[PDB]
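Undergrad: Provided herewith is a single structure, encoded as structure tokens, for subsequent inquiry.
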Number of protein chains: 2
Amino acid sequence: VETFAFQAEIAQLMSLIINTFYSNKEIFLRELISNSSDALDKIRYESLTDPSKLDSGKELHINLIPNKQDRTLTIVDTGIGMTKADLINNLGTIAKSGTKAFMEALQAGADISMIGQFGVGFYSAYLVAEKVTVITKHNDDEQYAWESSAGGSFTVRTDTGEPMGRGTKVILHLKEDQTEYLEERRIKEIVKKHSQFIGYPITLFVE
Amino acid sequence: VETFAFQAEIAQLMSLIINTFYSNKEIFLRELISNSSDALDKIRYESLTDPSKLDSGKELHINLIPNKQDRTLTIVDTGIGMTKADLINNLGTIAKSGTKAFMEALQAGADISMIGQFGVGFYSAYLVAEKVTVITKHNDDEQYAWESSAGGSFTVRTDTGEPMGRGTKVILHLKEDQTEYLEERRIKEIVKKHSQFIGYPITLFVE
């Protein structure tokens, strides 16, 4: 297990997300689904000129999996996935410059819901999760698990868990007061509100 | 000069954009600036692990250049640019699947302004342009000019014009009744309305 320090700007972003009073927490799900859609677009685009890109899986979809026993909400996609280098480099984001632009935007009257416009919407997971685990598999690398309970550090290890073929799994270990996002009708409401026109099938699993 | 037929779905998209009555045409500029921002994000991200990616130019910006004599509005960026293969493959988009999802969305009550959510916002240029010329330079390829007045076909040729270093230039040859988008105060209004928080400097050139 390798342990890394977040760059200062990302640690600041995460602390802001965790500590700022902001009731409209539901946007985390929109942001994660949007990320999954972007990843699915990328592998689709690559497959247009190289069909073998889909040998690791032809299905392009997003699954939402609540588990009340574990108190986890998992967002799974069969998108392009992330390399180890991607994971370490702020999960494929330009988080340093993105965080700066987001802060500058917040200064000029923006609010936290606009986070995704700055390329750092992943970190909105910390609106509802005390810990986030990301399992990912990219065609050009092995399967890795990234994890962080914030507080300035994350871990990366090779994943010996269930193989995924290709894509990303975001596991949200929810805060004790945020279990509403495990309820079927709440998830359905949020998906209909914010992600109605996403161009990949979104399947909400039942328990 | 090589001439190509648009895939059927893209020809349909373009005809819909050209022929549908829709007064809110200004969104084209938001969509092109968004594309430029995405391209700038991509070269930024690549440069994080490979600084030499910026040997073709360190500046990351967007320029808006009106020219009333030529009746053109040009959007220039120093983003990642496009390879020849990218240009031919619907300017780096998943236009076939994107167009389908956009149509399905329009069926379920969406309107043309949401085009960018489906990865085909480039084609909104045809709300205001009778012809569009795209000059582009990607680190891994030569400089190319793509062009189309719609009507089912586009051309690609090697560009012998002014070298660009790296990025993309979208030249909008405006319709005779759409010259308002050459006026400084109109462009400023649209940028402030729709692109206020874009994380790269946007410079509106004067004439």
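Identifiers for the structure tokens are assigned positionally: chains receive A, B, ... in sequence, residues are indexed from 1 per chain, and ligands are indexed from 1 in the order shown.
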Could I have chain A as a PDB file with C-alpha atoms, in the first residue's frame after it is superimposed on chain B by least squares, pairing all C-alpha atoms in sequence order?

TA:
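Saved result, result29.pdb, follows:
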ATOM      1  CA  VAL A   1      -8.292  18.383 -51.079  1.00  0.00           C
ATOM      2  CA  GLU A   2     -10.190  15.357 -49.792  1.00  0.00           C
ATOM      3  CA  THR A   3     -14.001  15.452 -49.731  1.00  0.00           C
ATOM      4  CA  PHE A   4     -15.998  13.303 -47.305  1.00  0.00           C
ATOM      5  CA  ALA A   5     -19.685  12.613 -46.749  1.00  0.00           C
ATOM      6  CA  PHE A   6     -21.034  13.239 -43.249  1.00  0.00           C
ATOM      7  CA  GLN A   7     -22.475  10.147 -41.632  1.00  0.00           C
ATOM      8  CA  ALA A   8     -26.250  10.184 -42.061  1.00  0.00           C
ATOM      9  CA  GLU A   9     -26.931  11.049 -38.414  1.00  0.00           C
ATOM     10  CA  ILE A  10     -24.610  14.072 -38.482  1.00  0.00           C
ATOM     11  CA  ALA A  11     -26.117  15.328 -41.753  1.00  0.00           C
ATOM     12  CA  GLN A  12     -29.527  15.049 -40.030  1.00  0.00           C
ATOM     13  CA  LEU A  13     -28.247  16.927 -36.946  1.00  0.00           C
ATOM     14  CA  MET A  14     -26.873  19.721 -39.137  1.00  0.00           C
ATOM     15  CA  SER A  15     -30.080  19.983 -41.179  1.00  0.00           C
ATOM     16  CA  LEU A  16     -32.111  20.147 -37.939  1.00  0.00           C
ATOM     17  CA  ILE A  17     -29.839  22.928 -36.618  1.00  0.00           C
ATOM     18  CA  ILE A  18     -30.089  24.834 -39.900  1.00  0.00           C
ATOM     19  CA  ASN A  19     -33.848  24.435 -40.511  1.00  0.00           C
ATOM     20  CA  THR A  20     -35.513  24.475 -37.065  1.00  0.00           C
ATOM     21  CA  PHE A  21     -37.004  27.801 -35.957  1.00  0.00           C
ATOM     22  CA  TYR A  22     -34.998  28.741 -32.844  1.00  0.00           C
ATOM     23  CA  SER A  23     -34.358  32.344 -31.829  1.00  0.00           C
ATOM     24  CA  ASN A  24     -31.798  31.757 -29.009  1.00  0.00           C
ATOM     25  CA  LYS A  25     -28.875  31.410 -31.463  1.00  0.00           C
ATOM     26  CA  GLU A  26     -26.290  33.016 -29.114  1.00  0.00           C
ATOM     27  CA  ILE A  27     -25.588  29.673 -27.419  1.00  0.00           C
ATOM     28  CA  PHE A  28     -23.243  28.728 -30.295  1.00  0.00           C
ATOM     29  CA  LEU A  29     -20.550  30.887 -28.701  1.00  0.00           C
ATOM     30  CA  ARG A  30     -20.921  29.252 -25.280  1.00  0.00           C
ATOM     31  CA  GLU A  31     -20.648  25.833 -26.953  1.00  0.00           C
ATOM     32  CA  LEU A  32     -17.486  26.715 -28.904  1.00  0.00           C
ATOM     33  CA  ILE A  33     -15.823  28.310 -25.860  1.00  0.00           C
ATOM     34  CA  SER A  34     -16.733  25.196 -23.852  1.00  0.00           C
ATOM     35  CA  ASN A  35     -15.073  23.016 -26.509  1.00  0.00           C
ATOM     36  CA  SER A  36     -11.983  25.237 -26.399  1.00  0.00           C
ATOM     37  CA  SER A  37     -11.920  24.988 -22.560  1.00  0.00           C
ATOM     38  CA  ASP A  38     -12.140  21.155 -22.788  1.00  0.00           C
ATOM     39  CA  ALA A  39      -9.230  21.115 -25.295  1.00  0.00           C
ATOM     40  CA  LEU A  40      -7.162  23.365 -23.017  1.00  0.00           C
ATOM     41  CA  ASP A  41      -7.909  21.082 -20.041  1.00  0.00           C
ATOM     42  CA  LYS A  42      -6.612  18.113 -22.097  1.00  0.00           C
ATOM     43  CA  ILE A  43      -3.242  19.602 -23.037  1.00  0.00           C
ATOM     44  CA  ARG A  44      -2.870  20.939 -19.482  1.00  0.00           C
ATOM     45  CA  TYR A  45      -3.485  17.434 -18.104  1.00  0.00           C
ATOM     46  CA  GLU A  46      -0.970  15.849 -20.508  1.00  0.00           C
ATOM     47  CA  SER A  47       1.654  18.486 -19.624  1.00  0.00           C
ATOM     48  CA  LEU A  48       1.440  17.546 -15.917  1.00  0.00           C
ATOM     49  CA  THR A  49       3.455  14.372 -16.547  1.00  0.00           C
ATOM     50  CA  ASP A  50       5.185  15.433 -19.797  1.00  0.00           C
ATOM     51  CA  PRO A  51       6.259  19.113 -19.808  1.00  0.00           C
ATOM     52  CA  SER A  52       7.532  18.828 -23.410  1.00  0.00           C
ATOM     53  CA  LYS A  53       3.868  18.697 -24.480  1.00  0.00           C
ATOM     54  CA  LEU A  54       3.972  22.505 -24.151  1.00  0.00           C
ATOM     55  CA  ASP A  55       7.044  22.978 -26.392  1.00  0.00           C
ATOM     56  CA  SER A  56       4.516  23.865 -29.106  1.00  0.00           C
ATOM     57  CA  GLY A  57       3.305  26.727 -26.852  1.00  0.00           C
ATOM     58  CA  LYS A  58       3.052  27.338 -23.093  1.00  0.00           C
ATOM     59  CA  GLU A  59       0.179  29.874 -23.225  1.00  0.00           C
ATOM     60  CA  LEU A  60      -3.301  28.459 -22.521  1.00  0.00           C
ATOM     61  CA  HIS A  61      -5.966  30.865 -23.741  1.00  0.00           C
ATOM     62  CA  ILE A  62      -9.014  31.590 -25.897  1.00  0.00           C
ATOM     63  CA  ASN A  63      -9.240  34.507 -28.342  1.00  0.00           C
ATOM     64  CA  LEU A  64     -12.404  35.827 -29.966  1.00  0.00           C
ATOM     65  CA  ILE A  65     -11.701  37.670 -33.220  1.00  0.00           C
ATOM     66  CA  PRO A  66     -14.452  39.475 -35.122  1.00  0.00           C
ATOM     67  CA  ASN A  67     -13.800  40.737 -38.647  1.00  0.00           C
ATOM     68  CA  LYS A  68     -16.623  42.772 -40.185  1.00  0.00           C
ATOM     69  CA  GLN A  69     -14.905  43.068 -43.576  1.00  0.00           C
ATOM     70  CA  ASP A  70     -14.751  39.274 -43.998  1.00  0.00           C
ATOM     71  CA  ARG A  71     -17.950  38.794 -41.958  1.00  0.00           C
ATOM     72  CA  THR A  72     -16.218  36.166 -39.808  1.00  0.00           C
ATOM     73  CA  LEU A  73     -16.121  35.453 -36.094  1.00  0.00           C
ATOM     74  CA  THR A  74     -13.083  33.335 -35.200  1.00  0.00           C
ATOM     75  CA  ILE A  75     -12.681  31.395 -31.939  1.00  0.00           C
ATOM     76  CA  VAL A  76      -9.035  30.493 -31.307  1.00  0.00           C
ATOM     77  CA  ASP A  77      -7.555  28.325 -28.580  1.00  0.00           C
ATOM     78  CA  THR A  78      -4.166  26.857 -27.734  1.00  0.00           C
ATOM     79  CA  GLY A  79      -5.700  23.587 -26.568  1.00  0.00           C
ATOM     80  CA  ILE A  80      -4.698  20.074 -27.537  1.00  0.00           C
ATOM     81  CA  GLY A  81      -5.835  20.449 -31.164  1.00  0.00           C
ATOM     82  CA  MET A  82      -7.040  17.681 -33.445  1.00  0.00           C
ATOM     83  CA  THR A  83      -5.281  15.047 -35.539  1.00  0.00           C
ATOM     84  CA  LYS A  84      -6.433  14.443 -39.108  1.00  0.00           C
ATOM     85  CA  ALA A  85      -8.166  11.300 -37.854  1.00  0.00           C
ATOM     86  CA  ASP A  86      -9.936  13.398 -35.167  1.00  0.00           C
ATOM     87  CA  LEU A  87     -11.138  15.949 -37.747  1.00  0.00           C
ATOM     88  CA  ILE A  88     -12.531  13.251 -40.009  1.00  0.00           C
ATOM     89  CA  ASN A  89     -14.105  11.469 -37.034  1.00  0.00           C
ATOM     90  CA  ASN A  90     -16.555  14.295 -36.402  1.00  0.00           C
ATOM     91  CA  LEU A  91     -14.025  16.702 -34.875  1.00  0.00           C
ATOM     92  CA  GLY A  92     -13.120  14.396 -31.978  1.00  0.00           C
ATOM     93  CA  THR A  93     -16.763  13.817 -30.977  1.00  0.00           C
ATOM     94  CA  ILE A  94     -18.971  10.745 -30.557  1.00  0.00           C
ATOM     95  CA  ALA A  95     -21.385  12.492 -32.889  1.00  0.00           C
ATOM     96  CA  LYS A  96     -23.365   9.390 -33.929  1.00  0.00           C
ATOM     97  CA  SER A  97     -24.298   8.283 -30.393  1.00  0.00           C
ATOM     98  CA  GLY A  98     -24.390  11.917 -29.229  1.00  0.00           C
ATOM     99  CA  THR A  99     -26.830  12.908 -31.959  1.00  0.00           C
ATOM    100  CA  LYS A 100     -29.080   9.937 -31.052  1.00  0.00           C
ATOM    101  CA  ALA A 101     -29.138  10.924 -27.359  1.00  0.00           C
ATOM    102  CA  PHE A 102     -29.774  14.580 -28.303  1.00  0.00           C
ATOM    103  CA  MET A 103     -32.707  13.563 -30.515  1.00  0.00           C
ATOM    104  CA  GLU A 104     -34.134  11.289 -27.795  1.00  0.00           C
ATOM    105  CA  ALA A 105     -33.727  14.231 -25.376  1.00  0.00           C
ATOM    106  CA  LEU A 106     -35.504  16.636 -27.739  1.00  0.00           C
ATOM    107  CA  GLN A 107     -38.327  14.081 -27.873  1.00  0.00           C
ATOM    108  CA  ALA A 108     -38.597  14.192 -24.056  1.00  0.00           C
ATOM    109  CA  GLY A 109     -38.931  18.001 -23.867  1.00  0.00           C
ATOM    110  CA  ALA A 110     -35.346  19.262 -24.188  1.00  0.00           C
ATOM    111  CA  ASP A 111     -34.472  22.211 -26.443  1.00  0.00           C
ATOM    112  CA  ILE A 112     -31.572  23.038 -28.790  1.00  0.00           C
ATOM    113  CA  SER A 113     -29.600  24.930 -26.081  1.00  0.00           C
ATOM    114  CA  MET A 114     -28.901  21.582 -24.356  1.00  0.00           C
ATOM    115  CA  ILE A 115     -26.949  20.328 -27.421  1.00  0.00           C
ATOM    116  CA  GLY A 116     -23.615  20.541 -25.565  1.00  0.00           C
ATOM    117  CA  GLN A 117     -24.747  17.960 -23.020  1.00  0.00           C
ATOM    118  CA  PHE A 118     -24.638  15.400 -25.860  1.00  0.00           C
ATOM    119  CA  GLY A 119     -21.098  16.069 -27.010  1.00  0.00           C
ATOM    120  CA  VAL A 120     -22.054  17.699 -30.335  1.00  0.00           C
ATOM    121  CA  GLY A 121     -22.066  21.385 -29.407  1.00  0.00           C
ATOM    122  CA  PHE A 122     -19.658  22.225 -32.272  1.00  0.00           C
ATOM    123  CA  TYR A 123     -22.494  21.841 -34.755  1.00  0.00           C
ATOM    124  CA  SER A 124     -24.387  24.697 -33.091  1.00  0.00           C
ATOM    125  CA  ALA A 125     -22.010  26.883 -35.147  1.00  0.00           C
ATOM    126  CA  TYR A 126     -24.503  26.352 -37.980  1.00  0.00           C
ATOM    127  CA  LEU A 127     -27.108  28.359 -36.046  1.00  0.00           C
ATOM    128  CA  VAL A 128     -25.199  31.466 -37.231  1.00  0.00           C
ATOM    129  CA  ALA A 129     -22.633  30.364 -39.878  1.00  0.00           C
ATOM    130  CA  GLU A 130     -23.263  29.513 -43.540  1.00  0.00           C
ATOM    131  CA  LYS A 131     -19.768  27.999 -43.679  1.00  0.00           C
ATOM    132  CA  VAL A 132     -17.344  26.884 -40.991  1.00  0.00           C
ATOM    133  CA  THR A 133     -13.596  26.483 -41.396  1.00  0.00           C
ATOM    134  CA  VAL A 134     -11.572  24.699 -38.697  1.00  0.00           C
ATOM    135  CA  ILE A 135      -7.775  25.051 -38.671  1.00  0.00           C
ATOM    136  CA  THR A 136      -6.078  22.771 -36.150  1.00  0.00           C
ATOM    137  CA  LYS A 137      -2.659  21.548 -35.044  1.00  0.00           C
ATOM    138  CA  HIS A 138      -2.097  18.639 -32.649  1.00  0.00           C
ATOM    139  CA  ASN A 139       1.395  17.735 -31.345  1.00  0.00           C
ATOM    140  CA  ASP A 140       1.241  14.312 -33.075  1.00  0.00           C
ATOM    141  CA  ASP A 141       0.196  15.510 -36.573  1.00  0.00           C
ATOM    142  CA  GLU A 142       0.480  18.301 -39.176  1.00  0.00           C
ATOM    143  CA  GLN A 143      -1.713  21.395 -39.502  1.00  0.00           C
ATOM    144  CA  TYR A 144      -5.056  20.695 -41.254  1.00  0.00           C
ATOM    145  CA  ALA A 145      -8.032  22.733 -42.512  1.00  0.00           C
ATOM    146  CA  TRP A 146     -11.520  21.218 -42.245  1.00  0.00           C
ATOM    147  CA  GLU A 147     -14.400  22.993 -43.968  1.00  0.00           C
ATOM    148  CA  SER A 148     -18.137  22.620 -44.563  1.00  0.00           C
ATOM    149  CA  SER A 149     -21.100  24.644 -45.784  1.00  0.00           C
ATOM    150  CA  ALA A 150     -23.242  21.715 -44.631  1.00  0.00           C
ATOM    151  CA  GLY A 151     -25.290  20.066 -47.438  1.00  0.00           C
ATOM    152  CA  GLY A 152     -23.881  16.645 -46.549  1.00  0.00           C
ATOM    153  CA  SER A 153     -20.119  17.011 -47.157  1.00  0.00           C
ATOM    154  CA  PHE A 154     -16.903  18.407 -45.662  1.00  0.00           C
ATOM    155  CA  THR A 155     -13.338  18.824 -46.913  1.00  0.00           C
ATOM    156  CA  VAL A 156      -9.972  18.224 -45.296  1.00  0.00           C
ATOM    157  CA  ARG A 157      -6.650  19.524 -46.623  1.00  0.00           C
ATOM    158  CA  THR A 158      -3.182  20.184 -45.271  1.00  0.00           C
ATOM    159  CA  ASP A 159      -3.067  23.804 -44.199  1.00  0.00           C
ATOM    160  CA  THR A 160      -0.344  25.971 -45.750  1.00  0.00           C
ATOM    161  CA  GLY A 161      -1.759  29.072 -44.040  1.00  0.00           C
ATOM    162  CA  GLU A 162      -0.324  30.686 -40.932  1.00  0.00           C
ATOM    163  CA  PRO A 163       1.206  28.059 -38.607  1.00  0.00           C
ATOM    164  CA  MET A 164      -0.506  27.857 -35.228  1.00  0.00           C
ATOM    165  CA  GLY A 165       1.969  26.040 -32.995  1.00  0.00           C
ATOM    166  CA  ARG A 166      -0.795  24.067 -31.301  1.00  0.00           C
ATOM    167  CA  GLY A 167      -4.574  24.298 -30.906  1.00  0.00           C
ATOM    168  CA  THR A 168      -7.699  25.038 -32.908  1.00  0.00           C
ATOM    169  CA  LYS A 169      -9.175  27.936 -34.819  1.00  0.00           C
ATOM    170  CA  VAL A 170     -12.918  27.878 -35.625  1.00  0.00           C
ATOM    171  CA  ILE A 171     -13.763  30.416 -38.351  1.00  0.00           C
ATOM    172  CA  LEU A 172     -17.480  31.237 -38.590  1.00  0.00           C
ATOM    173  CA  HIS A 173     -18.494  32.688 -41.970  1.00  0.00           C
ATOM    174  CA  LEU A 174     -21.674  34.298 -40.689  1.00  0.00           C
ATOM    175  CA  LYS A 175     -25.105  34.343 -42.346  1.00  0.00           C
ATOM    176  CA  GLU A 176     -26.051  37.773 -43.722  1.00  0.00           C
ATOM    177  CA  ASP A 177     -28.689  38.268 -40.993  1.00  0.00           C
ATOM    178  CA  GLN A 178     -26.386  37.230 -38.098  1.00  0.00           C
ATOM    179  CA  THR A 179     -23.823  40.074 -38.117  1.00  0.00           C
ATOM    180  CA  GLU A 180     -24.761  41.081 -34.544  1.00  0.00           C
ATOM    181  CA  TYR A 181     -22.188  38.489 -33.379  1.00  0.00           C
ATOM    182  CA  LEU A 182     -19.461  40.742 -34.835  1.00  0.00           C
ATOM    183  CA  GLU A 183     -20.436  43.622 -32.508  1.00  0.00           C
ATOM    184  CA  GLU A 184     -18.191  44.067 -29.465  1.00  0.00           C
ATOM    185  CA  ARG A 185     -21.006  44.755 -27.017  1.00  0.00           C
ATOM    186  CA  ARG A 186     -23.024  41.733 -28.179  1.00  0.00           C
ATOM    187  CA  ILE A 187     -20.026  39.369 -27.848  1.00  0.00           C
ATOM    188  CA  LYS A 188     -19.224  40.815 -24.386  1.00  0.00           C
ATOM    189  CA  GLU A 189     -22.836  40.297 -23.307  1.00  0.00           C
ATOM    190  CA  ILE A 190     -22.833  36.649 -24.408  1.00  0.00           C
ATOM    191  CA  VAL A 191     -19.462  35.845 -22.790  1.00  0.00           C
ATOM    192  CA  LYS A 192     -20.573  37.434 -19.483  1.00  0.00           C
ATOM    193  CA  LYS A 193     -23.948  35.622 -19.657  1.00  0.00           C
ATOM    194  CA  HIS A 194     -22.714  32.124 -20.527  1.00  0.00           C
ATOM    195  CA  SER A 195     -18.931  31.817 -20.056  1.00  0.00           C
ATOM    196  CA  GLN A 196     -18.204  34.008 -17.008  1.00  0.00           C
ATOM    197  CA  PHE A 197     -16.365  31.294 -15.037  1.00  0.00           C
ATOM    198  CA  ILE A 198     -14.347  29.635 -17.838  1.00  0.00           C
ATOM    199  CA  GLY A 199     -10.888  28.982 -16.370  1.00  0.00           C
ATOM    200  CA  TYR A 200      -8.744  30.397 -19.196  1.00  0.00           C
ATOM    201  CA  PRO A 201      -8.307  34.016 -20.264  1.00  0.00           C
ATOM    202  CA  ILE A 202     -10.806  34.976 -22.991  1.00  0.00           C
ATOM    203  CA  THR A 203      -9.621  37.945 -25.033  1.00  0.00           C
ATOM    204  CA  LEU A 204     -12.116  39.722 -27.263  1.00  0.00           C
ATOM    205  CA  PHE A 205     -10.131  41.395 -30.037  1.00  0.00           C
ATOM    206  CA  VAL A 206     -11.188  44.797 -31.323  1.00  0.00           C
ATOM    207  CA  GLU A 207     -11.222  45.975 -34.934  1.00  0.00           C
TER     208      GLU A 207
END

Undergrad: List every residue of range 7-193 of chain B that DSSP, applied to the backbone, labels as helix (DSSP H, G or I), and write the result as a PyMOL selection string.

TA: chain B and resi 8-19+27-49+51-54+84-88+90-92+95-107+112-118+121-127+179-182+184-193

Undergrad: Please identify which residues in range 101-202 of chain A DSSP calls strand (DSSP E) from the backbone, and express them as an MDAnalysis selection string.

TA: chainID A and resid 129:137 144:148 153:158 167:174 202
